[PDB]
Amino acid sequence: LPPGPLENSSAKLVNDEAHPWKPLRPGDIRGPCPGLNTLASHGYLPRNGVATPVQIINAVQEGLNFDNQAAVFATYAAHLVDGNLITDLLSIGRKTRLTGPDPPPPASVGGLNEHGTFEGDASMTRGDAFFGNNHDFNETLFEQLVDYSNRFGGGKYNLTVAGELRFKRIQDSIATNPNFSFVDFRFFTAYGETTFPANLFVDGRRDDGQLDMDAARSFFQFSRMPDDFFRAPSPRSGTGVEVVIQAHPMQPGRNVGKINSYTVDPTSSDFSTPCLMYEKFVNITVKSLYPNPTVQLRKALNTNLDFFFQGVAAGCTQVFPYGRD
Amino acid sequence: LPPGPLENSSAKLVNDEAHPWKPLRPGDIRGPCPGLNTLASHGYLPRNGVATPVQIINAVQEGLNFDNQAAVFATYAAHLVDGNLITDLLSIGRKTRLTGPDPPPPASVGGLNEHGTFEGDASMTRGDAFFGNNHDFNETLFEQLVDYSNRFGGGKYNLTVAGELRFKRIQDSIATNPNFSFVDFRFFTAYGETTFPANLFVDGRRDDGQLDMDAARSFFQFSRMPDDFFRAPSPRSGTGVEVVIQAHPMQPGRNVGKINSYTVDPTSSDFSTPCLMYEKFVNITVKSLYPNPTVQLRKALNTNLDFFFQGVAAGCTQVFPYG
Ligand SMILES: *[C@@H]1O[C@H](CO)[C@@H](O[C@@H]2O[C@H](CO)[C@@H](O[C@@H]3O[C@H](CO[C@H]4O[C@H](CO[C@H]5O[C@H](CO)[C@@H](O)[C@H](O)[C@@H]5O)[C@@H](O)[C@H](O[C@H]5O[C@H](CO)[C@@H](O)[C@H](O)[C@@H]5O)[C@@H]4O)[C@@H](O)[C@H](O[C@H]4O[C@H](CO)[C@@H](O)[C@H](O)[C@@H]4O[C@H]4O[C@H](CO)[C@@H](O)[C@H](O)[C@@H]4O)[C@@H]3O)[C@H](O)[C@H]2NC(C)=O)[C@H](O)[C@H]1NC(C)=O
Ligand SMILES: *[C@@H]1O[C@H](CO)[C@@H](O[C@@H]2O[C@H](CO)[C@@H](O[C@@H]3O[C@H](CO[C@H]4O[C@H](CO)[C@@H](O)[C@H](O)[C@@H]4O)[C@@H](O)[C@H](O[C@H]4O[C@H](CO)[C@@H](O)[C@H](O)[C@@H]4O[C@H]4O[C@H](CO)[C@@H](O)[C@H](O)[C@@H]4O)[C@@H]3O)[C@H](O)[C@H]2NC(C)=O)[C@H](O)[C@H]1NC(C)=O
Ligand SMILES: *[C@@H]1O[C@H](CO)[C@@H](O[C@@H]2O[C@H](CO)[C@@H](O[C@@H]3O[C@H](CO[C@H]4O[C@H](CO[C@H]5O[C@H](CO)[C@@H](O)[C@H](O)[C@@H]5O)[C@@H](O)[C@H](O)[C@@H]4O)[C@@H](O)[C@H](O)[C@@H]3O)[C@H](O)[C@H]2NC(C)=O)[C@H](O)[C@H]1NC(C)=O
Ligand code: HEM
Ligand code: HEM
Ligand SMILES: *[C@@H]1O[C@H](CO)[C@@H](O[C@@H]2O[C@H](CO)[C@@H](O[C@@H]3O[C@H](CO)[C@@H](O)[C@H](O)[C@@H]3O)[C@H](O)[C@H]2NC(C)=O)[C@H](O)[C@H]1NC(C)=O
Ligand SMILES: *[C@@H]1O[C@H](CO)[C@@H](O[C@@H]2O[C@H](CO)[C@@H](O)[C@H](O)[C@H]2NC(C)=O)[C@H](O)[C@H]1NC(C)=O
Ligand SMILES: *[C@@H]1O[C@H](CO)[C@@H](O[C@@H]2O[C@H](CO)[C@@H](O)[C@H](O)[C@H]2NC(C)=O)[C@H](O)[C@H]1NC(C)=O
Ligand SMILES: *[C@@H]1O[C@H](CO)[C@@H](O[C@@H]2O[C@H](CO)[C@@H](O)[C@H](O)[C@H]2NC(C)=O)[C@H](O)[C@H]1NC(C)=O
Ligand SMILES: *[C@@H]1O[C@H](CO)[C@@H](O[C@@H]2O[C@H](CO)[C@@H](O)[C@H](O)[C@H]2NC(C)=O)[C@H](O)[C@H]1NC(C)=O
Ligand SMILES: *[C@@H]1O[C@H](CO)[C@@H](O[C@@H]2O[C@H](CO)[C@@H](O)[C@H](O)[C@H]2NC(C)=O)[C@H](O)[C@H]1NC(C)=O
Ligand SMILES: *[C@@H]1O[C@H](CO)[C@@H](O)[C@H](O)[C@H]1NC(C)=O
Ligand SMILES: [Mg+2]
Ligand SMILES: [Mg+2]
């Protein structure tokens with residue numbers, strides 16, 4: 001089973017004795033999530049960056065007070081598209097042989113770096129896949145984050161900044177990336193993630209939604225908590241995401257083979273249709289990766305698909321791409 | 001000090017031996033909030049409907065698993081504008097001399113029923129104040145809620161139903177209430193509130209976002225928990241509000257002297273500017289109720305303003321009406 005919520009979810013020192021930062025050994029895997037990167041680099045996750053969904057959920061909860069439903073939702077979503085369902089292993093970065101024997105195509109078990117499954121365009125501190133590297137910290141983008149913190153956050157990162165910067169990264173991609181895609185699951189995650197630094201990288205004794213540019217660079221670039229960093233004083237994730245959505249209302253869509261041809265996708269879900277997004281993710285995205293699984297793979301798919309459904313906070317009705325039972 | 005978060009926030013029986021439903025005595029106070037109403041009728045709050053901030057915050061958390069920031073934000077906003085800052089008492093309903101000696105005008109201490117401070121138009125199950133009773137359960141509107149739950153919820157109330165019903169109640173008021181006002185604070189809370197029934201009134205052992213009509217009537221009409229009701233399995237309030245907002249985009253505004261004259265207000269806060277909403281609440285709303293507090297009043301104001309600010313989940317810069 002996925003973990004339950006924390007028993008004691010108060011703020012506490014998480015940059016402590018048993019969870020020191022350490023530099024990367026060769027073979028250590030890091031990817032497009034500064035959240036999971038930091039947990040790994042503090043040993044809340046295995047330090048090589050290869051983990052079970054359960055390990056990942058306990059980590060985000062213990063290390064950072066990510067809420068339970070959000071942790072279940074994101075973990076099992078990633079695992080379903082990016083992880084190996086038999087070994088129950090997911091890489092938080094590049095495709096690796098340490099996740100075990102692969103399933104048939106088109107499932108690719110590419111880990112969190114796999115473009116177009118979880119990872120997607122218009123990341124705040126990462127370049128679009130189309131340009132070549134979709135997971136490494138990018139200094140130009142980060143210093144754009146700083147600018148926007150200066151203009152909009154009086155020098156801090158907060159949900160007002162998130163609003164502006166989220167729109168700016170969208171415009172950037174429309175303008176430069178002929179393969180820009182911003183529909184369905186990526187349309188969804190791209191908004192919440194911009195709340196995460198304000199809600200979770202801010203020291204929990206303060207919990208005031210103003211993230212400083214030191215704490216920011218530390219998380220985004222080095223996967224390192226600040227000294228004496230306390231986690232937030234309660235479980236949360238994308239609280240305030242409506243601030244980011246309403247700052248510059250966008251319709252989901254994509255460039256159509258060239259820059260500046262952003263075209264609305266009338267079949268995409270959006271924020272008014274979360275159950276449609278859940279249903280698409282299950283009955284199209286996951287299903288296309290595993291169209292005709294063997295008996296063993298089917299039972300693993302169904303188990304993980306169960307756990308995924310549990311993390312859908314809107315409720316919705318479970319769908320069953322391989323039948324009930 | 002405001003209570004902090006529950007120590008143990010898991011689901012548990014809350015309709016219990018310690019907390020039985022009991023019919024109203026005469027002079028028992030109930031108001032426009034089904035949540036506070038139900039806690040008072042179960043003895044989580046004082047049964048007569050008059051309570052401290054600290055009592056209200058413990059109630060909503062213990063009885064229903066309202067989250068600690070949302071409890072502080074809502075509780076100290078209400079008290080600031082509707083409660084007695086000297087006696088530390090707020091009526092969850094009508095103005096009552098039971099909150100103690102009134103401060104001077106233009107402060108009203110009208111309790112939760114006070115139109116235009118916290119209470120406002122386009123409620124799900126309460127009529128707009130213009131029509132003359134802004135607090136009693138209204139059966140025709142609940143019937144619309146039942147209908148919309150059949151149409152969009154498969155028989156149940158859920159976030160998709162909340163999205164359609166919130167827009168329809170807006171349209172209703174624009175079409176019928178020449179005094180419709182839907183800006184600033186009321187614009188913000190009217191959305192979050194339509195998530196509550198699906199997030200909070202749903203038995204905690206399911207937590208599946210689908211509220212049945214038996215349980216909805218219970219809460220909204222009789223301020224009664226279902227038999228064997230468990231509270232939610234974690235602390236929450238307005239999870240999913242973005243769904244309700246995007247279902248039918250609306251700007252803040254009001255009718256101007258007549259029906260079908262909805263006039264957007266570009267000076268209002270909206271969901272993109274929660275710090276401006278906080279600001280305007282403190283600097284215009286509270287300030288105008290207490291333009292010149294005596295030294296004692298001013299002390300109590302600042303103390304409660306501090307607490308209100310703690311509850312502002314977006315963060316924001318604290319603002320100071322009295323320095
Ligand atoms: C939320 O609301 C609060 C109000 O509830 C906002 O705070 C208020 O901000 C306004 C506008 O900025 C300030 O107005 C300015 O006040 C100064 C003088 O202020 C001094 O005197 C005030 C009066 O004293 C009271 O009590 C005495 C008796 O003891 C009475 O006689 C008085 O009449 C008053 O009742 C006093 O209140 C002030 O104390 C407060 O502020 C100080 C900080 O300065 C704190 O230490 C205190 O603790 C307390 O908070 C203070 O001692 C005026 O001189 C200003 O006039 C200038 O600007 C005008 C336009 O705004 C212009 O018309 C004038 O001609 C003059 O313009 C000139 O000066 C400007 C620079 O000041 C130049 O920029 C300009 O070009 C030109 O050169 C001005 O009216 C209030 O003081 C302040 N009130 C409080 C209680 O703090 C708050 O800003 C709001 N928050 C947000 C985010 O909006
Ligand atoms: C429980 O809650 C409900 C809803 O809030 C409430 O019923 C509502 O009562 C109000 C107040 O009377 C009604 O408002 C009127 O609506 C009609 C429109 O007819 C509608 O019919 C259906 C509903 O059956 C609507 O859904 C549909 O959209 C139709 O439009 C308007 O014509 C009325 O306008 C008159 O009164 C206004 C307010 O005073 C004036 O501003 C306006 O100019 C009109 O005034 C004219 O008549 C006046 C006398 O009435 C007089 O001054 C002049 O002659 C003047 O020219 C009005 O806005 C609303 O429709 C009701 N909704 C329902 C029944 O679904 C219940 O009463 C409430 N229960 C309680 C409080 O106990
Ligand atoms: C709140 O609760 C409601 C209801 O449970 C949820 O609403 C559902 O929303 C989903 C979006 O994810 C809708 O799914 C979409 O359905 C499309 C088809 O629409 C029409 O056909 C449907 C098929 O009905 C079948 O089954 C019924 C009986 O079971 C038979 O009558 C029919 O013959 C069919 O066999 C109808 O149900 C529907 O009314 C339409 O006419 C489909 O093409 C899309 O791909 C997608 O799957 C679904 O339609 C909604 N169901 C209802 C009853 O409204 C909502 O998500 C919940 N919200 C939350 C937040 O929990
Ligand atoms: C629960 C397991 C989680 C998974 C599986 C996950 C996965 C991911 C993935 C795949 C991305 C890349 C999306 C893109 O293209 O930008 C991402 C981005 C992001 N993640 Fe996570 N994440 C998880 C938890 C967290 C946590 C706990 C945090 C911080 C508290 C976090 C913070 C962020 C941020 C801020 C980004 C955007 C990075 C940027 O745009 O520069 N994530 N995450
Ligand atoms: C924290 C203290 C609280 C205060 C001070 C408060 C206050 C109020 C007030 C004044 C209103 C009337 C607004 C209007 O509709 O005109 C309201 C409405 C409402 N409240 Fe609360 N409330 C609190 C907690 C809760 C809780 C814990 C719940 C649990 C679900 C809740 C559920 C609701 C709902 C569903 C409405 C909408 C009623 C309708 O539209 O018919 N409230 N509340
Ligand atoms: C980190 O992300 C930034 C943001 O995009 C990347 O900077 C961009 O780098 C590209 C090529 O390296 C620059 O493109 C060049 O621009 C000229 C026109 O000015 C064009 O004619 C050339 O053909 C070429 O495409 C682009 O200007 C530049 N953008 C900004 C805002 O600096 C950077 O490459 C990323 N770092 C990586 C991928 O390591
Ligand atoms: C829940 O955890 C919190 C934070 O860790 C506890 O409060 C602290 O407990 C630690 C013990 O490791 C003490 O060193 C601190 O002095 C406490 N901080 C305070 C009181 O601000 C709290 O005791 C825990 N609650 C329960 C019921 O175990
Ligand atoms: C999600 O996908 C599954 C599999 O495609 C759908 O189940 C199929 O539905 C068709 C049409 O009713 C049946 O003829 C097949 O036998 C079903 N295959 C099964 C059950 O393995 C399922 O209905 C989809 N769910 C939704 C809500 O669209
Ligand atoms: C937290 O609350 C519950 C009581 O509501 C405690 O355990 C629950 O209640 C009984 C007691 O064992 C169990 O049968 C239930 O399964 C428990 N509910 C759960 C686990 O959701 C629990 O022990 C309390 N405190 C701690 C620290 O767990
Ligand atoms: C609709 O709004 C108007 C105007 O805001 C209210 O008019 C008030 O009337 C009362 C007494 O009848 C006076 O105390 C106020 O001075 C008036 N205000 C203004 C600005 O003119 C009106 O009463 C509201 N209608 C109802 C039925 O509540
Ligand atoms: C982010 O921080 C900024 C600056 O501290 C806050 O923005 C200020 O908000 C006030 C009133 O809301 C306005 O003067 C400007 O919009 C801002 N000032 C400046 C200098 O930009 C903002 O409220 C913060 N947002 C959150 C959610 O904390
Ligand atoms: C982008 O899509 C185009 C057209 O579909 C195709 O050439 C290629 O697969 C993609 N290009 C890159 C650089 O990924
Ligand atoms: Mg990306
Ligand atoms: Mg009302």
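Reminder, nothing fancy here: chain letters follow the sequence lines and each chain counts from 1. Start at 1 and go down the list; that is how both ligands and their atoms are numbered.
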- Message: With a 6.0 Å cut-off (strictly less than), is the heavy-atom count around CG of A/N260, excluding the residue itself, greater than 12?
- Response: yes
Any side-chain donor paired with an acceptor under 3.5 Å for [X] and [Y]?
X      : Y     : answer
B/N68  : B/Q61 : yes
B/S237 : B/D67 : yes
A/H19  : A/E62 : no

- Task: Compute the ring centroids of A/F220 and A/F137, then answer whether they are less than 6.0 Å apart.
- Result: no
- Item | Ring-face cation of A/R151 near A/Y148 (centre distance under 6.0 Å, axis angle within 45°) | yes
- Task: Sequence neighbours left out, what passes salt bridge (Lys or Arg N to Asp or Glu O under 4.0 Å) with B/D207? Give chain and number order.
- Result: B/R236
- Test side chain to side chain contact (heavy atoms under 4.5 Å, CB included) applied to A/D203 - qualifying residues, sequence neighbours left out: A/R205, A/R206, A/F229, A/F230
Report every pair formed by an N or O atom of ligand 6 and a protein N or O atom separated by less than 3.5 Å, giving atom names and the distance to 0.1 Å.
residue  : atom   : partner : partner atom : Å
ligand 6 : 2 (O)  : A/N138  : OD1          : 3.2
ligand 6 : 2 (O)  : A/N138  : ND2          : 2.3
ligand 6 : 36 (N) : A/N138  : ND2          : 2.9

- Pair A/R217 + A/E139, salt bridge at N-O below 4.0 Å: yes
Identify all pairs of nitrogen or oxygen atoms, one from ligand 9 and one from the protein, separated by less than 3.5 Å, and list them with distances.
residue  : atom   : partner : partner atom : Å
ligand 9 : 2 (O)  : B/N8    : OD1          : 3.4
ligand 9 : 2 (O)  : B/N8    : ND2          : 2.3
ligand 9 : 2 (O)  : B/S10   : OG           : 3.4
ligand 9 : 25 (N) : B/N8    : ND2          : 2.6

